[PDB]
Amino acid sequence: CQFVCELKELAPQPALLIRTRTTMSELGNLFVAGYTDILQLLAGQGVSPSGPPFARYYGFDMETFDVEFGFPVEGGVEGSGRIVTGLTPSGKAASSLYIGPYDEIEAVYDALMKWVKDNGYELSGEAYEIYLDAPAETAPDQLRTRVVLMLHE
């Protein structure tokens, strides 16, 4: 995990997001539809996202899990309906940059977990991906996602 993996201490950033329970079969259309309804709201308000979208994965129950996914925005933006105000995760974290298709992102979860065991830290359970590249616009072998495992201190 040399060079590639690093520890970080993260601050909450304000976001608009949707919190829901889903599986991996349904994630794709869910994110497409939800992210689009988020940008439609921000467009309607003249507000721009302050950064790339993300998803917080947690609540694992067999194939299912909860997820909060959205866009980070500036302070003072309000939601509507299913789009609620929220915050990015915070705390100590192990961060690595994954490049490749989402159906092979386990590659970096394995590595980020061995580097956690082999350095005497522990997981808080929840993961946090940041989608630096739009997958619609980006070759799958160039798709940049930052993978962030929240640690427990």
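Start at 1 and count along the sequence shown; that's the residue number.
Relative to its counterpart among 135-143 and 12-20, 12-20 has the higher mean temperature factor, C-alpha atoms as listed in the PDB entry. Comparing the deposited coordinates for 110-118 and 54-62, the stretch with the larger average C-alpha B-factor is 110-118. Considering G46, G100, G70, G28 together, the PDB entry gives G46 the largest C-alpha B factor. Ranked by Cα temperature factor within the chain, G125 sits in the highest third according to the deposited record. Per the PDB record, residue ranking by Cα B-factor puts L42 in the middle third of the chain. Among the modelled residues of its chain, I105 has a C-alpha B-factor that falls in the middle third, as given in the PDB entry.
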